[PDB]
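# Architecture and fold: a report
Single-letter residue listing:
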Amino acid sequence: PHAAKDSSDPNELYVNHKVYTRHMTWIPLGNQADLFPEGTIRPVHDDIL
Amino acid sequence: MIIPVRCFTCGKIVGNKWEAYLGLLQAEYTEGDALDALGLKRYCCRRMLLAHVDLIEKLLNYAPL
Amino acid sequence: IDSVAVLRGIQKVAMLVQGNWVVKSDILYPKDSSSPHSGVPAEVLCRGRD
Ligand SMILES: [Zn+2]
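Definitions and cut-offs
- Within each chain the first residue of the written sequence is number 1 and the count goes on from 1 in that order, possibly differing from the entry; residues lacking coordinates are omitted.
- For naming, the first written chain is A and the first written ligand is 1, with later ones following in the order written.
- Part of a larger assembly is shown, with all reported values restricted to the visible chains.
- Side-chain measures here rest on the full set of heavy atoms in the structure, leaving out hydrogens and waters.
- Residues with missing side-chain atoms are left out of burial classes, side-chain pairs and their counts.
- UniProt positions are given in the numbering used here, feature names are shortened, and annotations may be inferred rather than shown by experiment.
- Runs of H or I in DSSP of at least four residues are treated as helices and runs of E of at least two as strands, each being numbered from the N terminus.
- It only takes one pair of heavy atoms within 4.5 Å for two residues to be counted as in contact.
- Salt bridges are defined as contacts in which a side-chain nitrogen from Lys or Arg sits within 4 Å of a carboxyl oxygen from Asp or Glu.
- To sort residues, take the accessible area from a 1.4 Å probe on protein chains only and compare it with the maximum for the residue type: under 20% means buried, over 50% means exposed, and anything in between is partly exposed.
- Metal donors: N, O and S atoms at distances within 2.8 Å, or within 3.2 Å for Na, K and Ca, with water omitted from the atom set so that some sites may seem incomplete.
- Irregular is the label for any site that misses the other tests, which are tetrahedral for four donors with all angles between 85 and 135 degrees, and square planar for four donors or octahedral for six when opposite donors exceed 155 degrees and the remaining angles lie between 65 and 115.
- Two strands qualify as a pair provided that DSSP identifies no fewer than 2 bridges between them.

For this deposited structure, the header cites cryo-EM as the method used and 2.9 Å as the resolution.

Taking the PDB entry as the reference, chain C is identified by name as DNA-directed RNA polymerase III subunit RPC5 belonging to Homo sapiens. The title line of the PDB record says "Human RNA Polymerase III de novo transcribing complex 12 (TC12)".

Looking up chain B in the PDB entry gives the name DNA-directed RNA polymerases I, II, and III subunit RPABC5, with the organism given as Homo sapiens. In its Function section, the UniProt entry covering chain B states "DNA-dependent RNA polymerase catalyzes the transcription of DNA into RNA using the four ribonucleoside triphosphates as substrates. Common component of RNA polymerases I, II and III which synthesize ribosomal RNA precursors, mRNA precursors and many functional non-coding RNAs, and a small RNAs, such as 5S rRNA and tRNAs, respectively."

Below is the structure:
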């Protein structure tokens, strides 16, 4: 919603245009939330495009 | 079309080192020194990153949007 | 050709950079043209080249 007039680079024009693996959200099943602390179940590199 | 996540021969994670490589191309680094700084010792990852063509943006230019 | 005429002609289509002459931005990019790679208007290209 807020960008320059030209905005030639796609970073300024669009948001979430590159779906990195950091957007993956672990959804606990049953009692997996209690067994596994927050932050343990996640993608390894967190930067894979 | 897009950079593969895994290397064909070895299997090292290479998809996450693509855009940063482009940054090294936006900087003054050449191909060899950038591939060395990225941590690619074996030549398979060097071939994977160097011989890859970025065709995803050319296709998105033709995307519906 | 006299040097004064050539100088007056080049002063209208070029600028002085480090003793050399570089063509003006609007000459390469007309008002109706656009970037062949991004499609941005020619005014932004002229501003960037300036
Ligand atoms: Zn490899």
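Here the narrative resumes.
## Let's talk about the overall build of chain B
Secondary structure summary: chain B contains four helices and zero strands in total. Mapped from its N terminus to its C terminus, chain B presents α and β elements in the order α-α-α-α. The principal-axis extent of the C-alpha atoms belonging to chain B is close to 40 × 30 × 15 Å. Here the analysis covers contacts within chain B between residues at least 6 apart in sequence; of these, 53% occur between residues at least 24 apart.

## Section: the pattern of salt bridges
Here the structure, examined in full by the defined rule, presents two salt bridges over all chains. Between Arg46 of chain B and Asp36 of chain B there is a salt bridge, and its shortest N-O distance comes to 2.4 Å. Of this pair, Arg46 of chain B sits in helix 3 (residues 43–50) while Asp36 of chain B sits in helix 2 (residues 31–37), and the two are 10 residues apart along the sequence. For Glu43 of chain C, the salt bridge goes to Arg47 of chain C, with nearest N and O atoms at 2.4 Å. Of this pair, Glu43 of chain C and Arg47 of chain C both sit in helix 3 (residues 42–49), four residues apart, which is roughly one turn of the helix. The class of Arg47 of chain C is exposed, set by a relative accessible area of 59%.

## Some words on the arrangement of the chains
The pair of protein chains exhibiting the most contacts, out of two pairs of chains in contact, is chains A and B. No interface is formed between chain B and chain C, the nearest pair of C-alpha atoms being 9 Å apart.

## So, the coordination of the zinc ion
Residue and element names in this part refer to chain B. The protein atoms that coordinate the zinc ion are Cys7 (SG), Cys10 (SG), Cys44 (SG) and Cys45 (SG), at distances of 2.4 Å. With four donor atoms in place around the zinc ion and angles of 101 to 126 degrees between them, the coordination shape is tetrahedral. Read from N- to C-terminus, the donor residues coordinating the zinc ion fall into the pattern C-x2-C-x33-C-C. Here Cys44 lies in helix 3 and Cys10 lies in the segment before helix 1 (18–26), a separation of 34 residues in the sequence. Accessibility expressed as a relative area gives 39% for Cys10, which makes it partly exposed.

## Observations concerning the pairing of strand 1 (residues 14–17) of chain C
Along a regular strand, successive side chains alternate from one face of the sheet to the other. All names here are of chain C. Bridge count for strand 1 against strand 2 (residues 20–23) is four bridges, and the pairing is antiparallel. Counted as the bridge partner of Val17 is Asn20 from strand 2. Linking strand 1 back to strand 2 in an antiparallel pair, the connection comprises two residues, with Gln18 at a positive phi of about 55 degrees.

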